[PDB]
Each structure stands twice: as structure tokens, then as C-alpha cells.
Number of protein chains: 2
Amino acid sequence: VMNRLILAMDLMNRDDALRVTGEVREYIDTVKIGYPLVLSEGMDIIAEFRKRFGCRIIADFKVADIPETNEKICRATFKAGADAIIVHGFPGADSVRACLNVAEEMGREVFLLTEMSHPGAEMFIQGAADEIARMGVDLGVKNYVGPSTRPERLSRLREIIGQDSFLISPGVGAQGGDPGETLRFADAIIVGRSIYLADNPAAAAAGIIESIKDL
Amino acid sequence: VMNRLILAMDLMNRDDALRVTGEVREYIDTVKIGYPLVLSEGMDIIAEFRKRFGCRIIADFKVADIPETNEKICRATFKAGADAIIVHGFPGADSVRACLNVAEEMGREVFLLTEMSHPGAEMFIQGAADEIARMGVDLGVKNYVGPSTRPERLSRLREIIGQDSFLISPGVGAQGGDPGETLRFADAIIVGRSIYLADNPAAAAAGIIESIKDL
Ligand SMILES: COC(=O)c1cc(=O)[nH]c(=O)n1[C@@H]1O[C@H](COP(=O)(O)O)[C@@H](O)[C@H]1O
Ligand SMILES: COC(=O)c1cc(=O)[nH]c(=O)n1[C@@H]1O[C@H](COP(=O)(O)O)[C@@H](O)[C@H]1O
């Protein structure tokens, strides 16, 4: 990932999402697109971004259904041109395996979300997160998401998944996480509002990248 | 809900989804629309169904993000005309409260998904499900989803949420659940494939309704 920085593009307007992504494109190679943008502007936005920016697109869809429905969601998402999809591990191994099977069929990747970054993640997800990560390892998952807001948890996650797995991490900036600390454990950080709500997104992205290079 | 039967419309083609929904409309008053259809045909499909069929629409989006992103997903979903949205409880109370706040602002409803119907739900969700349900009660949630495939769990869920809360239940038919047993505890059943993959969906829906009336 260019500069170890992934843009979380959660603006809900195509014109604003295009403007900001264009302004910061020199500093990233990967955009995370989620439901705020796709449910406002349509799934065609994924191929439009891929074409316009030549970026990789991670569809942050948090897939969290039964296996049969997960299959359908993943097929529709890769048909729309996404490079990878983020999947919840909490629904269990059959639900994750269904997403892995569609990614294998379509030559795509699954990222497993293990422990979330917000305060409520402490209630139920955190207590299951090490097990969810070990389930990922046992299913052959190679890409994971874990929380910038809890670097001790992100260290434990890294310990479970090993040094060869790819780990990306949201919660940097607005939610309180720090780029440099997070990159002690994660390969890349996800940043949304700190960039896309900034008066100058390119300057916000450049400032983050300057602090990453120093690491 | 008319006849206590909610159609899970997970066909991925607008023409097929419209045909089947029209054929069974005399037997339901509520259609559950999820991501298989919306990610294939666009969010405009929700208002189209509401207009064409005069049904209520439950958006089965399994919302399962941090509070700020959940807000955005719910706003986009109610803007598209959905009557209600299904929300995961596993991400914790702040994530659920964010959805409740948007539903209160827009005069809509939240359904809390407590325990899922597929086999993998046993790994992590089932052990947290009673607590997730009690969290719902303490947040003021009045509408819940629980599993037809485990009627003893559906009885425990009902015990926690009380007799005044509304409880709907998927997993009937294809996943092995029974209409009559499920309706001992749930107010309505959700049925997808048993109807929409049938050679004659209207006959499939009518057969289910005949067995419901007998209860
Ligand atoms: C895999 O899903 C995520 O990206 C996600 C998981 C998580 O635990 N925390 C989290 O913040 N996210 C998402 O990452 C983005 C964070 O954006 P932010 O920098 O806080 O504006 C946003 O799109 C969230 O929906
Ligand atoms: C609230 O979300 C659901 O509807 C859901 C939760 C769950 O635990 N199990 C479950 O089957 N569902 C959904 O309900 C539908 C079941 O359809 P089916 O009758 O099995 O074809 C389908 O849309 C599933 O995604």
C-alpha cells in the first residue's frame, strides 16, 4: 500500500468523494469504499474510482450474514470491480469460508475484521477477538483488520496472525489512534475524517505520510 | 404483518424479484430487502417496491459498524424509503444507539439481530446473544430478530424481550426451521428460498399460510 496509508472514503456525495480522492491520490494507492458512499451513489462508483484513480479498492462491507447470503454479497461486490472485501469474523467459520470461496472463484481477497475500534467493541467483540483471529489463521485468511485505538490488542492480533499476514488498522486520527504507534504492528493505516473533513486533505495526507516516513 | 409472513427477497435480478414479489403479494404485507438485491440493482429498488406493491420494507443490512458510520448507513437507508432496518447487536451498545438515534430522527424503526440462524452462529454469537438481547431491552429496542433453526433459543429470546416486543424469525424452510414451531415464539416468520426458488411461489406462500392459519 503506497505510503502505508489507505483512504477511508466515507463522503456520501459523488462530487465531494471524487474531489477529495483526486486531491490525495498522489499519497495513496488504495481507497476503502463503504456503504455510506455506495448506498448513496450506487455500486458503479467502485469501477469509476478504479478507472479514474487507478487505485485498488477495498469494499468495506462488514459482511456479516449466513453463508448463502454472504456468497451473494461477495459475488455482487467483486462483479462491481472491488479488489477485496472486509468480512466480519463474529458470525463464525462457515460465514467466513463462504466469502473465501467466492474470492477464490473470482481471484479476489478477503480481509477479516477481528476486533473493532470503537468503545462498544469492548462489550462482545473483544472477548471473542483472539479466537476470531485464530479461526482466520485456520481458514487460511491472510489479510486482517484490527483497531488503532488499542495498540496492545493490535500487538496480540499480530502475534496470532504472524509476520507474513497483512494487517490494516482503522481508528487513526478522529477516533484517537496514532499513525506511528499503529504502524508498529499494522502494515497500513486506514484514515477517513482526518483527511476527508480537513480544510486541505492533501496537506492532511502529506502530514500523516511525513510522520510515517520518519518511522 | 399480513399472515405473519415476511418475504425475504434475495433474488439478484430486478425482473425476477418483481415477478415473484407480485405473485405472492396477496399473501404478505412486508418484504425484507437485503444487499443481494440492493447491491445488484441499486437502492432505488426500495422505493420502487414500496410504490408498486404498497408493502412495508425492512432493509436487512445487518448494520455492524462503528457509531458514526452506522449513522450514515441508516440515514441513507431511510432516505431510500425503508420502513425499518436490521442492526447487529454484537458491535455493542453505542453502535446500536447510533441507529436508534437516526430512526428516532426520521420516524423509522430498528430491528435488533440477537442470535443468527446458521451453524456458525454457535461459535461466538450464541454465547453473547442473551446479553445482546438484554442490551436491546435496556436501550429501548422493541423489534428483534432471532433464529427459527433453534426454537429453544427463540423461546429464551422471547423470555428476555417480553410479550410486547415484536420478534421476527428467519431460517424457515431452506435452513430447516418450521413455521408453526417458530410462531410459538416469534410474531412473524421470514421466508426466502422456500418461496422465491419454488416452481410456483404463490402456491409455496399459500401452503405456508394455510399451515399458519391452522395455528
Ligand atoms: C473493516 O471495517 C472498517 O474499516 C472499520 C472497522 C473498525 O473497527 N473501525 C473502523 O473505523 N472502521 C471503518 O474505518 C473508517 C474509519 O474512518 P475514520 O478515520 O474514523 O473517519 C470508517 O470507514 C469505519 O467505518
Ligand atoms: C436480520 O437478518 C436476517 O434476515 C438473517 C439473519 C439470520 O440469522 N438468518 C437469516 O437467514 N437471515 C436472512 O433471512 C433470509 C433467510 O432466507 P431463506 O429462507 O433461508 O432463503 C436471508 O435473507 C438471510 O440473509
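All chains are named by letter (A, B, ...) in the order of the sequence lines, taking the proteins before the strands, and each is independently numbered beginning at 1. Any value given below was found using the heavy atoms of this structure, including those in side chains, with hydrogens, waters and symmetry copies removed. In listed order, ligands and their atoms are each counted from 1.
Paired with B:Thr30 under the rule side-chain contact (heavy atoms from CB on, under 4.5 Å), one option of B:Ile168, B:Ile57, B:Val1 passes, and it is B:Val1.
Take A:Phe185 and apply the ring pair (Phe, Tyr, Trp, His ring centres under 6.0 Å) test, not counting sequence neighbours, and it matches no residue. In this structure, the side chain to side chain donor-acceptor pair (under 3.5 Å) partners of B:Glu71, at least two apart in sequence or on a different chain, are B:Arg75. Among residues two or more places apart in sequence or in another chain, the side chain to side chain donor-acceptor pair (under 3.5 Å) test is passed with A:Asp16 by A:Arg19.
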Please tabulate protein-ligand N/O pairs under 3.5 Å for ligand 1, atom names and distances to 0.1 Å.
{"unit_1": "ligand 1", "atom_1": "2 (O)", "unit_2": "A:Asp60", "atom_2": "OD1", "d": "2.9"}
{"unit_1": "ligand 1", "atom_1": "2 (O)", "unit_2": "A:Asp60", "atom_2": "OD2", "d": "3.0"}
{"unit_1": "ligand 1", "atom_1": "4 (O)", "unit_2": "A:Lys32", "atom_2": "NZ", "d": "3.4"}
{"unit_1": "ligand 1", "atom_1": "4 (O)", "unit_2": "A:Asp60", "atom_2": "OD2", "d": "2.9"}
{"unit_1": "ligand 1", "atom_1": "8 (O)", "unit_2": "A:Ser117", "atom_2": "N", "d": "2.9"}
{"unit_1": "ligand 1", "atom_1": "9 (N)", "unit_2": "A:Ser117", "atom_2": "OG", "d": "2.8"}
{"unit_1": "ligand 1", "atom_1": "11 (O)", "unit_2": "A:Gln175", "atom_2": "NE2", "d": "2.9"}
{"unit_1": "ligand 1", "atom_1": "19 (O)", "unit_2": "A:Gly192", "atom_2": "N", "d": "2.8"}
{"unit_1": "ligand 1", "atom_1": "20 (O)", "unit_2": "A:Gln175", "atom_2": "NE2", "d": "2.9"}
{"unit_1": "ligand 1", "atom_1": "20 (O)", "unit_2": "A:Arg193", "atom_2": "NH2", "d": "2.8"}
{"unit_1": "ligand 1", "atom_1": "21 (O)", "unit_2": "A:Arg193", "atom_2": "N", "d": "2.8"}
{"unit_1": "ligand 1", "atom_1": "21 (O)", "unit_2": "A:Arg193", "atom_2": "NE", "d": "2.8"}
{"unit_1": "ligand 1", "atom_1": "23 (O)", "unit_2": "A:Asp10", "atom_2": "OD2", "d": "2.6"}
{"unit_1": "ligand 1", "atom_1": "23 (O)", "unit_2": "A:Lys32", "atom_2": "NZ", "d": "2.8"}
{"unit_1": "ligand 1", "atom_1": "25 (O)", "unit_2": "B:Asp65", "atom_2": "OD1", "d": "2.8"}
{"unit_1": "ligand 1", "atom_1": "25 (O)", "unit_2": "B:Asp65", "atom_2": "OD2", "d": "3.2"}
{"unit_1": "ligand 1", "atom_1": "25 (O)", "unit_2": "B:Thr69", "atom_2": "OG1", "d": "2.9"}

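Ring pair A:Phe166/A:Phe111 is perpendicular by interplanar angle, where above 60° counts as perpendicular and below 30° as parallel.
A salt bridge does not link A:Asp65 with A:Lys72: every distance from a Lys NZ or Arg NE/NH1/NH2 to an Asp or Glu carboxylate oxygen is 4.0 Å or more.
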